[PDB]
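In the form deposited in one PDB entry, a lone chain appears below as structure tokens.
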């Protein structure tokens, strides 16, 4: 067992004194390990925390070149480096106030004036967050103790998150105060909710845990290394016909196959030649299932969400359309009759430049799928192909501006 340079428990609980005392000692310790470029970036964060954090959330959805060209990128990289420089040797429970809207809870838990939360609102929230996984991204300031009478409590919802071992964590001094920065970039599940009391006021204390997954985002190189490490031998695991049908599908056969599946052709107008191809691709995706929890990205178009390019509801530049889309699709299961093309990379691609929906899918361990880019000769970038007839539970929808165009990020989980 590793002896920490500055000893602490996994949870400081309500002990603000010992927490701040440890946070000050560890801010001082890490300061010494930091680079000038990193220290300078931490000074840039103090002043412009909101814009720097908003950037770190949606930076990986732009083109590879737009990332290298952005004036906010070096600052992101340095801050990322400073936090990643101090990975925790053991877990740490962190505390932060969250909006219930972060979990698609559109109802008011309790007003500022109100002290009580009703059983009705408590149970409705529990029903909303239960059996779901929500992605948490971008730079965030967190607390190392449970807030008390004297501390700032901006929402009736308190997140009590267990950050696992090797999580990047950066404690730092900001004038007289001390704070801890995390980059996030993980799936959380809320296991239990408790109605706690802080200074004669009710608060929902959400017990959250990190459900580890691979998320390469814009690091398509690291993902390509992963996919090839696991799927460089996938071709030899298939029968000559399975490989032939997989190659044919990837080399342009996908159009006839997916259109046939979307139109319910196996029932309406059966094509036995296409049915054999489908049977073979599906079996090939079941040979070596996704070995670890893997986050994939899909540039989705309007028809996938019952819309058209001419549809006024697809204009996400009008807020009313984002609200309408969120209302209709949050908490809903999205079925794909066709095989699904996804990438290990979140970056924008030339062929899907106009696609206003980014489908961020969390593939759980053991799901049918394969990294097809481990087979040369395919138009697609860093592809992972998901089985036909897959269901995606949309947990949360977020917007962002890809220049003039407002686009959506749909946080979906592949349902087994």
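Numbering follows the first chain given and starts at 1.
**Q** Do the C-alpha atoms of 217-225 or of 318-326 have the higher average B factor in the entry?
**A** Stretch with the greater average CA B-factor: 318-326.
**Q** Look over 110-118 and 269-277 in the entry and identify the one with the greater average Cα temperature factor.
**A** Stretch with the greater average CA B-factor: 110-118.
**Q** Looking at 53, 367, 381, 32, which has the biggest Cα B factor in the entry?
**A** 32 has the highest C-alpha B-factor of those listed.
**Q** For the listed 179, 311, 300, 209, which has the peak Cα B-factor recorded in the PDB entry?
**A** Result of the comparison over 179, 311, 300, 209: 311.
**Q** Taking the chain's C-alpha temperature factors as the reference, tell me which third residue 230 falls into: lowest, middle or highest.
**A** According to the entry, residue 230 has a C-alpha B-factor in the chain's lowest third.
**Q** Quick one: classify residue 196 as lowest, middle or highest third of the chain based on its Cα B-factor.
**A** Answer is highest: the recorded C-alpha B-factor places it there.
**Q** How does residue 143 rank on Cα B-factor within its chain, lowest, middle or highest third?
**A** Lowest third - that is where residue 143 ends up once the chain's C-alpha B-factors are sorted.
**Q** Split into thirds by Cα B-factor across the chain's modelled residues, where does residue 407 land: lowest, middle or highest?
**A** According to the entry, residue 407 has a C-alpha B-factor in the chain's lowest third.
**Q** Taking only the Cα B-factors deposited for this chain, tell me whether residue 360 sits in the lowest, middle or highest third.
**A** Answer is lowest: the recorded C-alpha B-factor places it there.
What comes next is about the form deposited with a small molecule bound, which does not appear here.
**Q** Quick one: which of 184-192, 231-239, 267-275, 93-101 gets within 4.5 Å of the small molecule in the deposited complex, going by heavy atoms?
**A** Looking at the partner contacts, the answer comes out as 93-101.
**Q** Taking 4.5 angstroms as the cut-off for heavy atoms, does residue 213 touch the small molecule in the deposited complex?
**A** Residue-level check for residue 213: no, no contact with the small molecule.
**Q** Report yes if any heavy atom of residue 247 sits within 4.5 Å of a heavy atom of the small molecule in the deposited complex; otherwise report no.
**A** Looking in the deposited complex, residue contacts with the small molecule do not include residue 247, since no heavy atom lies within 4.5 Å.
**Q** Is residue 145 near the small molecule? Define near as a heavy atom within 4.5 Å, in the deposited complex.
**A** Residue 145 belongs to the contact set for the small molecule.
**Q** Although the partner isn't part of this model, could you tell me whether residue 158 comes within 4.5 Å of the small molecule in the deposited complex, counting any heavy atom of the residue?
**A** Heavy-atom contact with the small molecule at 4.5 Å: present for residue 158.
**Q** Which listed residue (207, 141, 73, 127) meets the criterion of a heavy atom within 4.5 Å of the small molecule in the deposited complex?
**A** Among 207, 141, 73, 127, a heavy atom within 4.5 Å of the small molecule in the deposited complex occurs only for 141.
**Q** Just one of 289, 154, 312, 164 has a heavy atom within 4.5 angstroms of the small molecule in the deposited complex, so which one?
**A** So the residue touching the small molecule in the deposited complex, by this definition, is 154.
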